[PDB]
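Student: Data: final16.cif, mmCIF, C-alpha atoms and all ligand atoms.
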data_query
loop_
_atom_site.label_atom_id
_atom_site.label_comp_id
_atom_site.auth_asym_id
_atom_site.auth_seq_id
_atom_site.Cartn_x
_atom_site.Cartn_y
_atom_site.Cartn_z
CA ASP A 1 0.00 0.00 0.00
CA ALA A 2 0.89 3.69 0.25
CA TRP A 3 2.06 3.35 3.86
CA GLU A 4 5.19 1.49 2.70
CA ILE A 5 8.45 3.49 2.59
CA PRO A 6 12.10 2.96 1.54
CA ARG A 7 14.61 1.88 4.20
CA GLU A 8 17.19 4.56 3.46
CA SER A 9 14.54 7.20 4.17
CA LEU A 10 14.76 6.26 7.86
CA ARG A 11 17.51 7.31 10.27
CA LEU A 12 17.42 5.86 13.80
CA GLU A 13 19.11 8.48 16.05
CA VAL A 14 18.84 7.28 19.67
CA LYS A 15 16.92 4.34 21.18
CA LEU A 16 14.17 5.11 23.69
CA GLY A 17 12.78 1.71 24.60
CA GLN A 18 14.00 -1.87 24.37
CA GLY A 19 11.49 -4.64 24.98
CA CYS A 20 11.92 -8.29 24.02
CA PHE A 21 9.79 -8.23 20.87
CA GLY A 22 11.66 -5.20 19.55
CA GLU A 23 12.87 -1.65 20.17
CA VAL A 24 11.76 1.97 19.93
CA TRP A 25 13.93 4.68 18.42
CA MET A 26 13.73 8.43 18.01
CA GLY A 27 14.69 9.20 14.43
CA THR A 28 14.19 11.13 11.22
CA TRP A 29 12.14 10.41 8.10
CA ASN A 30 13.05 11.80 4.66
CA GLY A 31 15.76 13.78 6.42
CA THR A 32 13.18 16.24 7.78
CA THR A 33 10.25 14.99 9.88
CA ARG A 34 11.20 13.72 13.35
CA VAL A 35 9.56 10.36 14.03
CA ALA A 36 9.23 7.40 16.36
CA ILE A 37 10.44 4.09 14.96
CA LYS A 38 9.42 0.69 16.32
CA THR A 39 11.52 -2.35 15.45
CA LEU A 40 10.65 -6.06 15.50
CA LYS A 41 13.30 -8.62 16.47
CA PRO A 42 12.96 -11.33 13.79
CA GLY A 43 12.83 -14.85 15.20
CA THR A 44 11.67 -13.75 18.66
CA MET A 45 8.24 -12.56 17.51
CA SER A 46 6.60 -13.27 14.15
CA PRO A 47 5.37 -10.85 11.46
CA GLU A 48 1.67 -10.13 10.85
CA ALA A 49 1.27 -10.51 14.62
CA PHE A 50 3.59 -7.51 14.86
CA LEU A 51 2.01 -5.94 11.76
CA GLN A 52 -1.60 -6.28 12.97
CA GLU A 53 -0.71 -3.35 15.22
CA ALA A 54 -0.48 -1.24 12.07
CA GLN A 55 -3.41 -2.88 10.27
CA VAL A 56 -5.67 -1.12 12.78
CA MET A 57 -3.73 2.16 13.03
CA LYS A 58 -4.59 2.55 9.34
CA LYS A 59 -8.32 3.07 9.91
CA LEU A 60 -8.17 5.06 13.17
CA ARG A 61 -7.23 8.73 12.74
CA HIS A 62 -7.74 11.30 15.51
CA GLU A 63 -5.62 14.14 16.90
CA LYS A 64 -5.63 12.38 20.30
CA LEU A 65 -4.43 9.00 19.02
CA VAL A 66 -0.77 8.50 18.12
CA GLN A 67 -0.70 8.66 14.32
CA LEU A 68 0.87 6.01 12.07
CA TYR A 69 3.07 7.68 9.43
CA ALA A 70 4.59 4.74 7.53
CA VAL A 71 5.77 1.13 7.69
CA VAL A 72 8.26 -1.34 6.23
CA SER A 73 6.27 -4.59 6.06
CA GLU A 74 9.15 -6.72 4.74
CA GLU A 75 11.28 -8.07 7.62
CA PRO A 76 13.25 -6.36 9.14
CA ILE A 77 9.93 -4.67 9.88
CA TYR A 78 9.74 -1.03 10.97
CA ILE A 79 6.72 0.94 12.23
CA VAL A 80 6.84 4.73 11.93
CA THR A 81 4.53 6.91 14.05
CA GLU A 82 4.43 10.55 15.13
CA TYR A 83 6.99 11.48 17.81
CA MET A 84 5.86 12.25 21.37
CA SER A 85 8.74 14.17 22.96
CA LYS A 86 7.86 13.51 26.62
CA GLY A 87 7.51 9.72 26.65
CA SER A 88 4.79 7.87 28.55
CA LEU A 89 2.31 9.70 30.80
CA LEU A 90 3.38 7.30 33.55
CA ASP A 91 7.05 8.31 33.38
CA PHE A 92 5.98 11.94 33.01
CA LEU A 93 3.87 11.88 36.21
CA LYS A 94 6.64 10.09 38.15
CA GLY A 95 9.54 12.21 36.89
CA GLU A 96 10.79 15.77 37.40
CA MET A 97 7.65 17.30 35.87
CA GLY A 98 5.43 15.45 38.32
CA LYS A 99 5.87 17.84 41.26
CA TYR A 100 4.63 20.86 39.32
CA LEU A 101 1.44 19.43 37.78
CA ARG A 102 -1.72 20.49 39.58
CA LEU A 103 -5.36 19.44 39.21
CA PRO A 104 -6.20 21.83 36.36
CA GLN A 105 -3.38 20.44 34.19
CA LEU A 106 -4.12 16.83 35.15
CA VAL A 107 -7.86 17.18 34.49
CA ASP A 108 -7.04 18.77 31.11
CA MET A 109 -4.91 15.72 30.36
CA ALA A 110 -7.80 13.41 31.30
CA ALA A 111 -10.05 15.40 28.97
CA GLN A 112 -7.72 14.74 26.02
CA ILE A 113 -7.49 11.04 26.73
CA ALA A 114 -11.31 10.94 27.08
CA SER A 115 -11.64 12.78 23.76
CA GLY A 116 -9.39 10.19 22.14
CA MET A 117 -11.40 7.32 23.60
CA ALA A 118 -14.65 9.01 22.55
CA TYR A 119 -13.34 8.64 19.00
CA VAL A 120 -12.62 4.95 19.62
CA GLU A 121 -16.12 4.70 21.09
CA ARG A 122 -17.70 6.23 17.98
CA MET A 123 -15.71 3.90 15.68
CA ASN A 124 -16.85 0.88 17.69
CA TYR A 125 -13.41 -0.21 18.84
CA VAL A 126 -12.15 -1.53 22.17
CA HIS A 127 -8.69 -0.69 23.46
CA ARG A 128 -8.33 -3.44 26.11
CA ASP A 129 -5.29 -1.80 27.74
CA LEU A 130 -5.99 1.83 28.56
CA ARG A 131 -3.52 2.91 31.28
CA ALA A 132 -0.99 5.70 31.93
CA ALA A 133 1.81 3.51 30.52
CA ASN A 134 -0.03 3.51 27.19
CA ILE A 135 -0.58 7.24 26.96
CA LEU A 136 2.06 9.49 25.37
CA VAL A 137 2.86 13.11 26.18
CA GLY A 138 4.05 15.69 23.67
CA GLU A 139 4.77 19.42 23.77
CA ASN A 140 2.52 21.72 25.81
CA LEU A 141 1.06 18.85 27.85
CA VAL A 142 -0.61 17.19 24.85
CA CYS A 143 -1.71 13.60 25.58
CA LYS A 144 -2.46 10.85 23.09
CA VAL A 145 -3.75 7.28 23.32
CA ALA A 146 -1.48 4.44 22.12
CA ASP A 147 -0.60 0.77 22.80
CA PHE A 148 1.08 -2.38 21.47
CA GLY A 149 -1.68 -3.93 19.35
CA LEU A 150 -4.79 -5.09 21.23
CA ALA A 151 -7.23 -2.88 19.32
CA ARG A 152 -10.15 -5.05 18.23
CA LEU A 153 -13.32 -4.06 16.36
CA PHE A 154 -1.50 -9.40 33.98
CA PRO A 155 -2.97 -5.85 34.17
CA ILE A 156 -5.75 -6.97 36.54
CA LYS A 157 -5.53 -3.68 38.46
CA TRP A 158 -6.66 -1.74 35.38
CA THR A 159 -9.08 -4.37 34.04
CA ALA A 160 -12.81 -4.33 34.75
CA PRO A 161 -14.09 -7.48 36.57
CA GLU A 162 -16.28 -8.80 33.76
CA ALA A 163 -13.27 -8.65 31.41
CA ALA A 164 -10.67 -10.20 33.69
CA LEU A 165 -13.02 -13.04 34.70
CA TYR A 166 -15.12 -13.91 31.65
CA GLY A 167 -13.22 -12.14 28.86
CA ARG A 168 -16.08 -9.70 28.27
CA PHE A 169 -14.17 -6.72 26.81
CA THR A 170 -16.23 -3.70 25.68
CA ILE A 171 -15.95 0.08 25.43
CA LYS A 172 -17.37 -0.13 28.97
CA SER A 173 -14.37 -2.24 30.00
CA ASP A 174 -12.23 0.70 28.85
CA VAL A 175 -14.35 3.17 30.85
CA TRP A 176 -13.44 1.15 33.95
CA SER A 177 -9.75 1.50 33.06
CA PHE A 178 -10.18 5.26 32.51
CA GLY A 179 -11.35 5.38 36.12
CA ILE A 180 -8.17 3.68 37.26
CA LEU A 181 -6.22 6.02 34.95
CA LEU A 182 -7.80 8.97 36.79
CA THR A 183 -6.31 7.66 40.05
CA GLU A 184 -2.91 7.41 38.35
CA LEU A 185 -3.26 11.06 37.33
CA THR A 186 -4.18 12.23 40.83
CA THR A 187 -1.46 10.26 42.69
CA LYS A 188 1.31 11.21 40.27
CA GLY A 189 1.47 7.73 38.77
CA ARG A 190 1.39 5.52 41.87
CA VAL A 191 0.43 1.91 41.19
CA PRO A 192 -3.30 1.68 42.10
CA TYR A 193 -4.55 -0.53 45.00
CA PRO A 194 -1.30 0.10 46.95
CA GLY A 195 -0.02 -2.83 48.99
CA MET A 196 -2.39 -5.25 47.27
CA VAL A 197 -1.42 -8.15 45.01
CA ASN A 198 -3.56 -9.22 42.03
CA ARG A 199 -5.36 -12.00 43.91
CA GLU A 200 -6.46 -9.55 46.61
CA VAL A 201 -7.64 -7.05 43.99
CA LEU A 202 -9.85 -9.66 42.31
CA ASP A 203 -11.51 -10.87 45.53
CA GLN A 204 -11.88 -7.33 46.95
CA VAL A 205 -13.26 -5.61 43.85
CA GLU A 206 -15.85 -8.36 43.34
CA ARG A 207 -16.72 -7.89 47.01
CA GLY A 208 -17.49 -4.24 46.25
CA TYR A 209 -14.18 -2.64 47.27
CA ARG A 210 -13.14 0.55 45.49
CA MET A 211 -10.15 2.84 46.08
CA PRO A 212 -10.83 5.81 48.38
CA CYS A 213 -10.60 9.46 47.39
CA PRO A 214 -6.88 10.25 46.91
CA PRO A 215 -5.51 13.01 49.17
CA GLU A 216 -6.32 16.55 47.95
CA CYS A 217 -8.53 15.20 45.16
CA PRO A 218 -12.04 16.74 45.06
CA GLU A 219 -14.86 14.36 45.98
CA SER A 220 -16.66 15.35 42.78
CA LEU A 221 -13.77 13.81 40.81
CA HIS A 222 -13.65 10.65 42.96
CA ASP A 223 -17.40 10.30 42.37
CA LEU A 224 -16.65 10.31 38.63
CA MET A 225 -14.16 7.53 39.26
CA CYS A 226 -16.78 5.49 41.14
CA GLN A 227 -19.21 5.83 38.24
CA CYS A 228 -16.55 4.34 35.95
CA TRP A 229 -16.30 1.48 38.46
CA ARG A 230 -19.96 0.40 38.68
CA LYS A 231 -20.40 -3.41 38.67
CA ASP A 232 -22.86 -3.20 35.78
CA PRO A 233 -20.92 -2.17 32.62
CA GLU A 234 -24.02 -0.51 31.17
CA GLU A 235 -24.39 1.90 34.09
CA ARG A 236 -20.88 3.32 33.57
CA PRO A 237 -20.80 6.62 31.63
CA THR A 238 -19.74 6.98 28.02
CA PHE A 239 -16.49 8.63 26.95
CA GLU A 240 -18.55 11.38 25.28
CA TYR A 241 -19.95 12.15 28.75
CA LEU A 242 -16.56 11.96 30.51
CA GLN A 243 -15.06 14.22 27.87
CA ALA A 244 -17.65 16.96 28.45
CA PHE A 245 -17.58 16.54 32.23
CA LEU A 246 -13.76 16.93 32.32
CA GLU A 247 -13.52 19.81 29.81
CA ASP A 248 -16.15 21.83 31.75
CA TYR A 249 -14.90 20.71 35.18
CA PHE A 250 -13.71 23.99 36.65
CA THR A 251 -16.76 26.04 35.63
CA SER A 252 -19.62 23.55 36.22
CA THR A 253 -18.34 21.21 38.97
CA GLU A 254 -15.54 22.85 41.02
CA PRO A 255 -15.88 26.60 40.43
CA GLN A 256 -14.43 27.19 43.91
CA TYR A 257 -11.30 25.08 43.41
CA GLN A 258 -8.22 26.52 45.13
CA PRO A 259 -4.70 25.24 44.37
CA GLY A 260 -3.01 23.19 47.08
CA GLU A 261 0.28 21.55 48.00
CA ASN A 262 0.07 18.72 45.44
CA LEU A 263 -3.21 19.11 43.55
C1 LIG B 301 7.95 5.81 25.12
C2 LIG B 301 8.63 5.40 23.81
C3 LIG B 301 9.12 3.95 23.88
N1 LIG B 301 7.69 5.56 22.70
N2 LIG B 301 6.93 4.67 22.30
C4 LIG B 301 6.18 5.13 21.30
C5 LIG B 301 5.21 4.43 20.59
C6 LIG B 301 3.91 4.91 20.50
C7 LIG B 301 2.90 4.14 19.94
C8 LIG B 301 3.19 2.86 19.47
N3 LIG B 301 2.24 2.01 19.07
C9 LIG B 301 0.94 2.28 18.96
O1 LIG B 301 0.46 3.38 19.19
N4 LIG B 301 0.21 1.24 18.56
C10 LIG B 301 -1.11 1.21 18.37
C11 LIG B 301 -1.67 0.00 17.96
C12 LIG B 301 -3.04 -0.12 17.75
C13 LIG B 301 -3.85 0.99 17.95
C14 LIG B 301 -3.31 2.20 18.35
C15 LIG B 301 -4.24 3.40 18.53
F1 LIG B 301 -4.78 3.71 17.36
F2 LIG B 301 -5.20 3.08 19.39
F3 LIG B 301 -3.58 4.46 18.99
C16 LIG B 301 -1.94 2.31 18.55
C17 LIG B 301 4.50 2.39 19.53
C18 LIG B 301 5.50 3.17 20.09
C19 LIG B 301 6.55 6.45 21.08
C20 LIG B 301 6.19 7.47 20.22
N5 LIG B 301 5.25 7.29 19.29
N6 LIG B 301 6.81 8.65 20.33
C21 LIG B 301 7.75 8.85 21.24
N7 LIG B 301 8.12 7.90 22.07
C22 LIG B 301 7.54 6.69 22.02
#
Any chance you could give the structure as structure tokens?

Tutor:
Amino acid sequence: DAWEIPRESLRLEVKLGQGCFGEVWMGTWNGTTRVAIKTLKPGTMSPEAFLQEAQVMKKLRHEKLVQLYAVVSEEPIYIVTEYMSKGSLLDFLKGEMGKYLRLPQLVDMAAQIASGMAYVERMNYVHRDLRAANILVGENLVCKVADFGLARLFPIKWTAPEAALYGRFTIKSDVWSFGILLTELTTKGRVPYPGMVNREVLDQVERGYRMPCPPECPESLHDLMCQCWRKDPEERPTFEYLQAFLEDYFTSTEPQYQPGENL
């Protein structure tokens, strides 16, 4: 197809990530546009299974979803996407920039992610792995949804009960994850359900347990989290709703908000 590009048109500057299935490099394309390059280690993982990740990024196109630029489908395979200068949201919240972010910036970030998922919602797709580690940050606190290839038309702590138990994954399963993602945003990336192993999380959540309101986080925002965590998937709000709620947050929900020590 038209996504295919020559190999000499790619220059891999410095490596950013290094998994087992491949690597991620910061590079240049056509000697001008800065890009993100994903490599596949032949032998370790197989093609098509590594290319399916791009088969879906071809349909999806939204300013809040990491955009696919080009590919090299003939092994050695290379995936080219837009470059997000600040890395993963998770590393961003935990690093040097974490101490300065306050609720208005963090809620704005949640609004962008929600906007991106509203697009996924409209297109009838399921992400299956929405979490801070799969969100990328660019210049001027821009956030975009991304992943490794689970988009379909043990992260138990981020996975809704009905999905982790009976494999029932829906856009409502993602809404549950967005709720967990909101706790990651308000605790500066702390692993959710602190001091609890997966087996405790499963038993507890089914038993009705839910994380409490994080310190300095408005109750109105924690209530939004709890809606995302309702046992019945159909009672959870849509991303269209969460997008509007978050964008209008400081005028319609917390018009009295006063900055604090951490939020
Ligand atoms: C943190 C570092 C290792 N890294 N990783 C990436 C990167 C981002 C996205 C992807 N893959 C991806 O977004 N896949 C994917 C697969 C299916 C569907 C989608 C969706 F359309 F939902 F975004 C996305 C791979 C590497 C990336 C990037 N683009 N820019 C700057 N740094 C980056």

Student: Could you please extract the residues within 7 Å of ligand LIG 301 (chain B), counting only C-alpha atoms and all ligand atoms, and hand them back as a compact mmCIF listing (two decimals) with C-alpha atoms, in the frame of the given file?

Tutor:
# COMPACT_ATOMS: atom_id res chain seq x y z
CA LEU A 16 14.17 5.11 23.69
CA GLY A 17 12.78 1.71 24.60
CA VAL A 24 11.76 1.97 19.93
CA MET A 26 13.73 8.43 18.01
CA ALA A 36 9.23 7.40 16.36
CA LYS A 38 9.42 0.69 16.32
CA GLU A 53 -0.71 -3.35 15.22
CA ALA A 54 -0.48 -1.24 12.07
CA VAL A 56 -5.67 -1.12 12.78
CA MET A 57 -3.73 2.16 13.03
CA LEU A 60 -8.17 5.06 13.17
CA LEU A 65 -4.43 9.00 19.02
CA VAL A 66 -0.77 8.50 18.12
CA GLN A 67 -0.70 8.66 14.32
CA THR A 81 4.53 6.91 14.05
CA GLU A 82 4.43 10.55 15.13
CA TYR A 83 6.99 11.48 17.81
CA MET A 84 5.86 12.25 21.37
CA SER A 85 8.74 14.17 22.96
CA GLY A 87 7.51 9.72 26.65
CA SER A 88 4.79 7.87 28.55
CA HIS A 127 -8.69 -0.69 23.46
CA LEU A 136 2.06 9.49 25.37
CA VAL A 145 -3.75 7.28 23.32
CA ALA A 146 -1.48 4.44 22.12
CA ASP A 147 -0.60 0.77 22.80
CA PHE A 148 1.08 -2.38 21.47
CA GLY A 149 -1.68 -3.93 19.35
CA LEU A 150 -4.79 -5.09 21.23
CA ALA A 151 -7.23 -2.88 19.32

Student: Contacts of residue 221 in chain A at 9 Å or less, counting only C-alpha atoms, minus same-chain residues fewer than 6 places along, as a PyMOL selection string?

Tutor: chain A and resi 182+213+249+253

Student: Looking at A:106, A:224, A:153, A:79, which one is nearest to residue 125 in chain A, with distances taken over only C-alpha atoms?

Tutor: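 Smallest distance to residue 125 in chain A is found for A:153.
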
Student: My list of candidates is A:63, A:91, A:261, A:8. Which is closest to residue 215 in chain A when distances are computed with all atoms listed in the file?

Tutor: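 Counting all atoms listed in the file, the residue closest to residue 215 in chain A is A:261.
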
Student: If we draw a sphere of 9 Å around (-9.0, 8.9, 20.8), which residues have at least one atom in it when counting only C-alpha atoms? Please report them as a short mmCIF file (atom, residue, chain, number, x, y, z; two decimals) with C-alpha atoms, in the coordinates of the input.

Tutor:
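Result saved to point_32.cif:
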data_model
loop_
_atom_site.label_atom_id
_atom_site.label_comp_id
_atom_site.auth_asym_id
_atom_site.auth_seq_id
_atom_site.Cartn_x
_atom_site.Cartn_y
_atom_site.Cartn_z
CA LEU A 60 -8.17 5.06 13.17
CA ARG A 61 -7.23 8.73 12.74
CA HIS A 62 -7.74 11.30 15.51
CA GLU A 63 -5.62 14.14 16.90
CA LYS A 64 -5.63 12.38 20.30
CA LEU A 65 -4.43 9.00 19.02
CA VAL A 66 -0.77 8.50 18.12
CA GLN A 112 -7.72 14.74 26.02
CA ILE A 113 -7.49 11.04 26.73
CA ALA A 114 -11.31 10.94 27.08
CA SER A 115 -11.64 12.78 23.76
CA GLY A 116 -9.39 10.19 22.14
CA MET A 117 -11.40 7.32 23.60
CA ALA A 118 -14.65 9.01 22.55
CA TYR A 119 -13.34 8.64 19.00
CA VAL A 120 -12.62 4.95 19.62
CA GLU A 121 -16.12 4.70 21.09
CA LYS A 144 -2.46 10.85 23.09
CA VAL A 145 -3.75 7.28 23.32
CA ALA A 146 -1.48 4.44 22.12
#

Student: Under the rule that all atoms listed in the file are counted, which of A:250, A:169, A:92, A:29 is the nearest residue to residue 104 in chain A?

Tutor: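 Distance minimum relative to residue 104 in chain A lands on A:250.
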
Student: Name the residues in contact with residue 199 in chain A at a cut-off of 12 Å, using only C-alpha atoms, excluding same-chain residues fewer than 6 positions from it; report them as a list in words.

Tutor: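 Once the nearby chain positions are removed, what remains is residues 154, 155, 156, 157, 164, 193, 205 and 206 of chain A.
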